[PDB]
Amino acid sequence: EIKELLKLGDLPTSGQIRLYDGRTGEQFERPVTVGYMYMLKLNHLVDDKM
Amino acid sequence: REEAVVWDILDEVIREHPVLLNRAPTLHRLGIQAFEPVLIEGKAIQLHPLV
Amino acid sequence: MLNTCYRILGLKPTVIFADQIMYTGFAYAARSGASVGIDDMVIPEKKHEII
Amino acid sequence: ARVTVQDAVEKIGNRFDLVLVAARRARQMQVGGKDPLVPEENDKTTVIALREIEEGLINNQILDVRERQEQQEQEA
Amino acid sequence: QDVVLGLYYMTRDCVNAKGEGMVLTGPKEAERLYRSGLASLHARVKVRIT
Amino acid sequence: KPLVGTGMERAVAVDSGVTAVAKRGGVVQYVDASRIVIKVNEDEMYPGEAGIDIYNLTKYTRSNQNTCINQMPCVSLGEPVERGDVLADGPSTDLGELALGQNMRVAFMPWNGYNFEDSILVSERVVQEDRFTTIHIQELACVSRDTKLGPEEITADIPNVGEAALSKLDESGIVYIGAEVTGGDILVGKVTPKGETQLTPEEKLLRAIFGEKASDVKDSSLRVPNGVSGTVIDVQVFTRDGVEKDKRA
Amino acid sequence: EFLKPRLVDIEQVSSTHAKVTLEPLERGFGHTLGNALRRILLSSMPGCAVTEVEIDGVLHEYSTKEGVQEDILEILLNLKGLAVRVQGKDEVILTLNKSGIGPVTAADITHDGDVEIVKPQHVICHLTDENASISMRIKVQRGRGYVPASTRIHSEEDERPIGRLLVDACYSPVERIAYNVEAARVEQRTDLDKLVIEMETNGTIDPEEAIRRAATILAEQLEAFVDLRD
Amino acid sequence: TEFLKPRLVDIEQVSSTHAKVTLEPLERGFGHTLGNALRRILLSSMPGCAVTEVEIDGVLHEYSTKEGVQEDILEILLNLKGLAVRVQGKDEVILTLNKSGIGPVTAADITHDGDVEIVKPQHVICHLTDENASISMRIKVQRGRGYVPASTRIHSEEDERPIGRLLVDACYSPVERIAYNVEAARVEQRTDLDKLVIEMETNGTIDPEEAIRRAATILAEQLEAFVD
Ligand SMILES: Nc1nc2c(ncn2[C@@H]2O[C@H](COP(=O)(O)OP(=O)(O)O)[C@@H](OP(=O)(O)OP(=O)(O)O)[C@H]2O)c(=O)[nH]1
């Protein structure tokens with residue numbers, strides 16, 4: 001189902017795309033996994049721990 | 001107030017002074033090591049990866 | 001590699017060589033661009049057979 | 001020599017009385033009764049005393065002889 | 001861990017790539033070749049070393 | 001909102017008491033950033049005095065962990081709403097749905113050993129957009145007791161402090177609402193009676209020389225903790241019965 | 001033996017989106033210039049952004065106006081995005097005064113000569129009361145890069161007015177930049193390439209001026225760099 | 001508006017061919033933009049002169065052995081690839097080597113011509129044994145930009161050439177090695193500034209500093225179109 005829906009978006013069905021190194025501009029070998037993940041900021045804040 | 005002069009004196013004191021880093025479970029004698037400090041921005045301690 | 005470097009040359013070179021190894025390794029690891037996709041882990045063709 | 005004191009221990013093999021000798025010298029340097037025998041690189045007296053030890057100019061015996069030298073000179 | 005991965009990637013050999021059977025006068029030329037994109041980072045080669 | 005959820009997040013959000021939910025569905029008559037007033041439908045309208053329903057929302061109060069708990073109105077003027085619709089989203093809630101955090105574009109790859117271990121590399125772009133900035137509402141308390149040397153007072157007169165620090169205090173000695181402070185700044189001025197310093201001689205000599213009239217009151221004023229900087233959002237004053245309230249109270 | 005790049009057709013697909021092409025690029029400099037330009041464009045493009053706001057009845061970012069629905073903090077967040085083009089002067093004080101029911105968008109700001117509001121449709125607030133009226137003064141400065149509220153305190157210069165509401169300054173109009181080097185086969189030549197720089201901005205800097213300014217900055221740094229006084 | 005221009009640019013040239021150059025302070029991010037631009041342009045596109053083709057009077061394929069030369073044809077090829085030639089006026093010239101007797105055929109043994117200068121007269125080429133010691137060859141030197149491997153000439157050799165025509169990789173670019181390290185540098189209060197360490201090894205012909213200078217010159221010269 002993920003493969004189908006990714007095709008509906010017109011994106012690579014394997015979910016990896018080639019990325020260019022922002023410093024030099026050369027491409028990375030072997031395209032890498034990109035995509036959106038839901039992340040959380042925990043209550044452990046450096047401001048308090050220092 | 002903490003103007004540039006204080007930062008210069010702090011830099012000069014820190015130069016050759018070593019500080020000790022320890023982690024609460026000091027298993028063996030390498031749980032305490034001394035390092036030469038490098039002043040950096042932020043509130044997080046940066047330690048060399050290899051160690 | 002590190003061990004022999006220590007045994008033949010001595011400390012100072014082993015330290016410098018270790019640092020160099022870290023830096024180069026990180027650089028070229030970044031240039032490699034290795035990642036982990038869902039299709040990279042291939043179910044053996046004969047699983048259901050043995051089952 | 002603010003990386004590895006390995007060569008100073010190769011000069012003095014105890015690796016413990018080494019640090020004591022270096023402490024006597026570096027306190028004789030801090031309280032400015034004497035001056036560093038090595039061209040300073042804006043270093044503190046710790047690595048100065050270590051560098052002085054590694055070149056063989058100072059040890060326990062040289063420290064004692066020069067100390068009794070200054071003592072007997074100042075007696076006059 | 002990350003280091004070993006990088007070095008591992010660097011040293012591994014491949015059946016076929018760019019510049020199979022090229023003769024280089026030294027490692028510095030090898031590196032010059034790689035950084036220009038005229039050869040793959042791993043490819044079997046004859047090199048002069050001291 | 002989570003891009004990839006499980007479907008339970010609406011149940012979690014509604015069932016928690018942080019959302020404000022409609023009891024008799026109808027049409028939203030007036031919307032403000034403090035109250036949502038809804039006109040109920042004649043169908044569900046109770047025969048005797050149905051009238052309209054008014055929902056007072058809660059704005060930035062301090063949570064148990066010191067985080068902000070404020071509700072924002074979701075619906076607009078003239079929207080028809082049904083019984084059990086989500087009027088205002090509570091903290092970390094969107095359109096009724098649980099939004100615990102935020103969804104970011106991640107790429108799995110080693111980037112020059114700055115993510116060496118489980119550490120994470122992040123782009124200036126996230127901080128620029130202010131999407132991971134939290135509001136923390138901290139409480140501070142200054143309490144004036146009465147020692148046997150004499151009751152302490154809250155006046156603004158604080159011996160040997162620069163008037164730069166006093167500038168932000170009113171004549172009563174309380175910070176103005178909305179003043180921006182930093183670590184070290186004095187919030188409430190307080191002095192305590194204390195005498196018989198018993199100074200050593202040389203201090204007496206110096207007092208003679210410069211004309212240093214010794215002030216019998218020690219300093220106690222509640223200064224802001226080290227390294228904390230924010231806006232004074234609110235002030236409260238509790239005076240016991242009997243004592244003469246001050247202008248600010 | 002070299003050639004040089006001349007600015008050829010510069011198409012604009014949308015008001016924000018522009019494609020700028022450079023036709024006579026010798027082999028190998030496609031990527032070099034693509035990357036250098038991308039870097040400078042993203043980092044150094046001078047732009048305008050809202051620096052501070054004064055609304056009358058509001059002491060601090062957390063309070064609330066009668067008859068509006070967005071919080072003061074959200075109104076500030078909305079003002080952060082306001083794209084404004086000032087021509088001559090560096091610091092403008094725009095005044096927005098509107099009353100009655102309706103969505104107050106950025107167009108309602110009193111239009112001054114030197115100031116151009118690129119997107120009048122940008123929403124600011126929604127009124128909900130016939131007599132509810134908001135007045136405010138938005139002070140907009142010129143600047144490059146990103147300066148937060150907290151840093152600007154260094155230059156306080158007697159910030160005494162509690163009415164002043166600081167906003168983080170995103171001093172940068174360029175949103176996105178990509179380049180494509182494609183062989184530009186001219187009927188009499190072997191190996192020449194064209195750079196196609198596709199750039200998306202908030203509609204303040206025109207593409208030509210951006211590219212020119214980037215090339216200028218790079219040229220100055222290379223001037224300093226080439227000479228070596230040992 | 002107004003940028004920050006770097007000062008205190010010191011250059012400590014250990015081993016005249018090896019030059020390290022330190023440059024600070026640079027605005028955020030320009031460490032890598034300039035390091036990369038410089039490296040790329042210097043390395044891939046640099047006008048130079050180098051040995052391209054070789055003709056041995058004795059052998060038809062590069063894997064055969066000549067009588068009395070210890071080094072294989074591969075070894076002499078590699079020794080000639082490293083040979084640093086700087087020609088003044090003429091673009092492509094055909095140099096002849098004829099040497100006899102025991103010992104090392106060195107760059108000195110090449111015919112001493114006017115316009116072509118051999119910067120390293122003592123570079124070893126071949127070892128010649130006793131009693132036979134006959135070496136005769138024609139080495140062609142051409143001027144060109146960058147690095148071009150043998151494989152593309154042999155690919156694109158529609159001009160079919162006689163036996164013996166042994167192509168060697170043409171190393172035109174005089175910079176042999178170049179790298180740039182970026183490091184943290186603070187201008188007394190701003191920490192978001194960086195240092196550029198440019199390590200360069202060239203092959204004698206051009207001094208490293210001059211390599212840097214003309215590389216940056218040509219890059220700026222390309223950029224000229226827009227800088228007002
Ligand atoms: N661990 C490590 N050390 C490095 C590395 N690279 C260089 N070093 C050494 O660290 C020391 C730092 O020297 P510098 O900091 O550059 O000299 P400086 O104090 O006068 O400024 C040098 O040796 P030194 O202190 O002068 O040795 P010594 O003569 O004092 O015994 C240098 O050789 C490295 O990659 N890793």
# chains A, B, ... in the order shown; residues from 1 in each chain; ligands from 1
$ select_by_dssp --residues "chain B" --states "strand (DSSP E)" --output "PyMOL selection string"
chain B and resi 19-22+32-35
$ write_last_selection --atoms "N, CA and C atoms" --output "PDB file, in the first residue's frame"
ATOM      1  N   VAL B  19      41.434  20.172  33.297  1.00  0.00           N
ATOM      2  CA  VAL B  19      40.260  19.895  34.115  1.00  0.00           C
ATOM      3  C   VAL B  19      39.960  18.408  34.036  1.00  0.00           C
ATOM      4  N   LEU B  20      39.337  17.881  35.084  1.00  0.00           N
ATOM      5  CA  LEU B  20      39.069  16.455  35.189  1.00  0.00           C
ATOM      6  C   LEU B  20      37.618  16.197  34.822  1.00  0.00           C
ATOM      7  N   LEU B  21      37.386  15.191  33.988  1.00  0.00           N
ATOM      8  CA  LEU B  21      36.049  14.754  33.626  1.00  0.00           C
ATOM      9  C   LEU B  21      35.803  13.369  34.203  1.00  0.00           C
ATOM     10  N   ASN B  22      34.629  13.201  34.807  1.00  0.00           N
ATOM     11  CA  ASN B  22      34.226  11.965  35.461  1.00  0.00           C
ATOM     12  C   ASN B  22      32.784  11.652  35.088  1.00  0.00           C
ATOM     13  N   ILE B  32      37.886   8.523  35.266  1.00  0.00           N
ATOM     14  CA  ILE B  32      38.314   9.893  35.505  1.00  0.00           C
ATOM     15  C   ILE B  32      39.481  10.150  34.571  1.00  0.00           C
ATOM     16  N   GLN B  33      39.355  11.161  33.719  1.00  0.00           N
ATOM     17  CA  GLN B  33      40.475  11.555  32.874  1.00  0.00           C
ATOM     18  C   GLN B  33      40.607  13.065  32.862  1.00  0.00           C
ATOM     19  N   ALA B  34      41.818  13.540  32.611  1.00  0.00           N
ATOM     20  CA  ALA B  34      42.077  14.968  32.542  1.00  0.00           C
ATOM     21  C   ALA B  34      42.137  15.385  31.082  1.00  0.00           C
ATOM     22  N   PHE B  35      41.613  16.571  30.794  1.00  0.00           N
ATOM     23  CA  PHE B  35      41.630  17.116  29.449  1.00  0.00           C
ATOM     24  C   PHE B  35      42.023  18.582  29.482  1.00  0.00           C
TER      25      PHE B  35
END
$ closest_residue --among "F:16, F:76, F:6, F:115" --to "chain C" --atoms "only C-alpha atoms"
F:115
$ closest_atom_pairs --of "chain E" --to "region 24-40 of chain A" --cutoff "12 Å" --atoms "only C-alpha atoms" --output "JSON lines"
{"residue": "E:9", "atom": "CA", "partner": "A:29", "partner_atom": "CA", "distance": 11.2}
{"residue": "E:34", "atom": "CA", "partner": "A:26", "partner_atom": "CA", "distance": 11.8}
{"residue": "E:35", "atom": "CA", "partner": "A:26", "partner_atom": "CA", "distance": 9.6}
{"residue": "E:36", "atom": "CA", "partner": "A:26", "partner_atom": "CA", "distance": 10.0}
{"residue": "E:37", "atom": "CA", "partner": "A:26", "partner_atom": "CA", "distance": 9.2}
{"residue": "E:40", "atom": "CA", "partner": "A:29", "partner_atom": "CA", "distance": 10.0}
{"residue": "E:41", "atom": "CA", "partner": "A:29", "partner_atom": "CA", "distance": 10.1}
{"residue": "E:42", "atom": "CA", "partner": "A:29", "partner_atom": "CA", "distance": 11.9}
$ interface_residues --of "chain C" --to "chain A" --cutoff "8 Å" --atoms "only C-alpha atoms" --output "list in words"
residues 31, 32, 33, 34, 35, 36, 37, 38 and 39 of chain C
$ write_last_selection --atoms "N, CA and C atoms" --output "tab-separated table (two decimals), in the first residue's frame"
chain	number	residue	atom	x	y	z
C	31	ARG	N	30.95	10.85	2.82
C	31	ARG	CA	30.91	10.80	1.36
C	31	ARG	C	30.25	9.53	0.85
C	32	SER	N	30.33	8.44	1.61
C	32	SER	CA	29.72	7.19	1.17
C	32	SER	C	28.21	7.33	1.04
C	33	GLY	N	27.57	7.92	2.05
C	33	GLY	CA	26.14	8.12	2.00
C	33	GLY	C	25.37	6.85	2.26
C	34	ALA	N	25.80	6.05	3.23
C	34	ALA	CA	25.15	4.78	3.51
C	34	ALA	C	23.93	5.00	4.38
C	35	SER	N	22.82	4.37	4.01
C	35	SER	CA	21.58	4.49	4.75
C	35	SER	C	20.94	3.11	4.81
C	36	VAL	N	19.68	3.06	5.23
C	36	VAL	CA	19.00	1.81	5.52
C	36	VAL	C	17.55	1.94	5.09
C	37	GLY	N	17.19	1.28	3.98
C	37	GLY	CA	15.85	1.32	3.46
C	37	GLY	C	15.09	0.03	3.75
C	38	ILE	N	13.78	0.10	3.57
C	38	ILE	CA	12.92	-1.02	3.93
C	38	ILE	C	13.24	-2.23	3.06
C	39	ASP	N	13.56	-2.00	1.79
C	39	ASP	CA	13.85	-3.08	0.86
C	39	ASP	C	15.27	-3.61	0.98
$ atom_distance --atom1 "CA of residue 12 (chain G)" --atom2 "CA of residue 179 (chain G)"
15.5 Å
$ residues_near_ligand --ligand "ligand 1" --cutoff "9 Å" --atoms "only C-alpha atoms and all ligand atoms" --output "VMD selection string"
(chain C and resid 12 to 13 15 to 20) or (chain D and resid 1 to 7 41 to 43 47 51)
$ write_last_selection --atoms "C-alpha atoms" --output "mmCIF file, in the first residue's frame"
data_model
loop_
_atom_site.group_PDB
_atom_site.id
_atom_site.type_symbol
_atom_site.label_atom_id
_atom_site.label_comp_id
_atom_site.auth_asym_id
_atom_site.auth_seq_id
_atom_site.Cartn_x
_atom_site.Cartn_y
_atom_site.Cartn_z
ATOM 1 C CA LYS C 12 53.140 10.154 20.081
ATOM 2 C CA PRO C 13 52.739 8.671 16.572
ATOM 3 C CA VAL C 15 48.050 9.184 19.090
ATOM 4 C CA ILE C 16 48.464 11.312 15.963
ATOM 5 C CA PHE C 17 47.601 8.372 13.719
ATOM 6 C CA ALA C 18 44.464 7.624 15.739
ATOM 7 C CA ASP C 19 43.271 11.213 15.373
ATOM 8 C CA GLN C 20 43.953 11.113 11.629
ATOM 9 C CA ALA D 1 55.397 18.989 26.026
ATOM 10 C CA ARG D 2 51.713 19.459 26.853
ATOM 11 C CA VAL D 3 50.675 16.243 25.103
ATOM 12 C CA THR D 4 52.623 13.291 26.512
ATOM 13 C CA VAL D 5 55.187 13.368 29.320
ATOM 14 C CA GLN D 6 56.508 10.026 28.070
ATOM 15 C CA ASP D 7 59.993 11.375 27.330
ATOM 16 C CA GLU D 41 55.805 30.459 24.284
ATOM 17 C CA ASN D 42 53.253 32.194 26.535
ATOM 18 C CA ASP D 43 53.027 28.886 28.413
ATOM 19 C CA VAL D 47 54.679 22.777 30.800
ATOM 20 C CA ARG D 51 60.079 21.034 29.012
#
$ residues_around --residues "residue 47 (chain E)" --least-positions-apart "6" --cutoff "10 Å" --atoms "only C-alpha atoms" --output "list in words"
residues 21, 22, 23, 24, 25, 26, 27, 29 and 30 of chain E; 78 of chain H
$ interface_residues --of "chain G" --to "chain F" --cutoff "6 Å" --atoms "only C-alpha atoms" --output "number ranges by chain"
G: 59-60, 67-69, 162
$ residues_around --residues "residue 1 (chain B)" --least-positions-apart "4" --cutoff "12 Å" --atoms "only C-alpha atoms" --output "list in words"
residues 5, 6 and 7 of chain B; 183 and 184 of chain F
$ closest_atom_pairs --of "chain F" --to "chain A" --cutoff "7 Å" --atoms "only C-alpha atoms" --output "Markdown table"
| residue | atom | partner | partner_atom | distance |
| --- | --- | --- | --- | --- |
| F:2 | CA | A:38 | CA | 6.4 |
| F:100 | CA | A:40 | CA | 6.9 |
| F:101 | CA | A:40 | CA | 4.6 |
| F:102 | CA | A:39 | CA | 5.7 |
| F:103 | CA | A:38 | CA | 4.0 |
| F:104 | CA | A:36 | CA | 5.3 |
| F:105 | CA | A:36 | CA | 4.3 |
| F:106 | CA | A:35 | CA | 5.6 |
| F:107 | CA | A:34 | CA | 4.3 |
| F:108 | CA | A:33 | CA | 5.6 |
| F:109 | CA | A:32 | CA | 6.8 |
